[PDB]
Ligand SMILES: CCC(=O)CCC(=O)N[C@@H](Cc1ccccc1)[C@H](O)CN(C[C@@H](C)CC)S(=O)(=O)c1ccc(OC)cc1
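Put into structure tokens, the structure is as follows:
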């Protein structure tokens, strides 16, 4: 799809058979989801945003279907204010900025 | 133009006699610029992201040129680590997400 920006670019994602809304976030290097359970090993990681640094759990090679497009990559889980899809997965689904 | 997201979507912006590099950020409702002493009236505000909130100064009707495209609108000024071009201005320069 083509998505304009007069509204937040929120989309439905499917992860672990659960549907969630997430924000397509070109200003984010990484994909960060609010607290949730995911299977498998994770690693403690810290990441920084506008307000400072937080602790997250890093899960690798996680399938997410974003607006019908398949990705498999790294998903960080922690106290993000909103679910965000970052460039690591935006590139997988072929997402570009155009003007 | 089309900007892929293999790397951060940094572009050159101009605000008065200051050229800066800024992120085209679909995850940002508003435009947030690094500390700079702009002329005119402003109002204090707090904006939140990963890590918590920062305090900013809201200036209205500031002209900004983004890759040669003219824009004018609200800019938030404060201790952000990166200059952020948010949706309020992305729409003005005709910026969409596509995949
Ligand atoms: C390398 C570090 C990152 O990639 C961190 C991801 C991130 O927080 N991204 C921000 C933009 C940003 C980029 C670098 C450093 C600091 C911030 C994100 O794209 C926009 N943020 C809002 C997200 C998290 C959704 C809530 S923001 O905090 O910067 C923000 C918040 C409010 C706002 O307007 C009201 C504008 C921008």
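Chains as they are written, first to last, in PDB author numbering: chain A, 1 to 99; chain B, 1 to 99.
Virtual Cβ for every residue (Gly too), placed ideally from N, Cα, C.
Query, Result
"Name, in chain order, the residues that DSSP records as bridge partners for residue 52 (chain B).", "B:49"
"Using only the alpha-carbon positions, how far apart do residue 81 (chain A) and residue 84 (chain B) sit?", "17 Å"
"Counting only C-beta atoms, is residue 57 (chain A) closer than 8 Å to chain B at any point?", "no"
"Taking only beta-carbon atoms, is residue 28 (chain B) less than 8 Å away from chain A?", "yes"
"By how many angstroms is the C-alpha of residue 26 (chain A) removed from the C-alpha of residue 65 (chain B)?", "20 Å"
"How long is the line joining the alpha carbons of residue 58 (chain B) and residue 53 (chain A), rounded to whole angstroms?", "24 Å"
"Measure the Cβ-Cβ separation of residue 11 (chain B) and residue 95 (chain B) and say whether it is below 8 Å.", "no"
"Any beta carbon of chain B sitting closer than 8 Å to that of residue 51 (chain A)?", "yes"
"With distance defined between alpha-carbon atoms, name the residue in B:51, B:41, B:56 and B:70 nearest to residue 79 (chain A).", "B:51"
"Against chain A, with Cβ distances strictly below 8 Å, would residue 113 (chain B) count as a contact?", "The structure shown does not extend to residue 113 (chain B), since chain B is modelled only from 1 through 99, so no value can be given for it."
"I'd like to confirm something about residue 28 (chain B): is its beta-carbon nearer than 7 Å to some heavy atom of ligand 1, or not?", "yes"
"In or out: residue 48 (chain B) buried (at least 16 other Cβ within 10 Å) or exposed?", "exposed"
"Roughly how many whole angstroms lie between the Cα atoms of residue 61 (chain A) and residue 44 (chain B)?", "42 Å"
"Can you name the residues of chain B whose CB is closer than 8 Å to the CB of residue 77 (chain A)?", "Near residue 77 (chain A) there are no residues of chain B at all, since even the closest Cβ is about 13 Å away, more than 8 Å."
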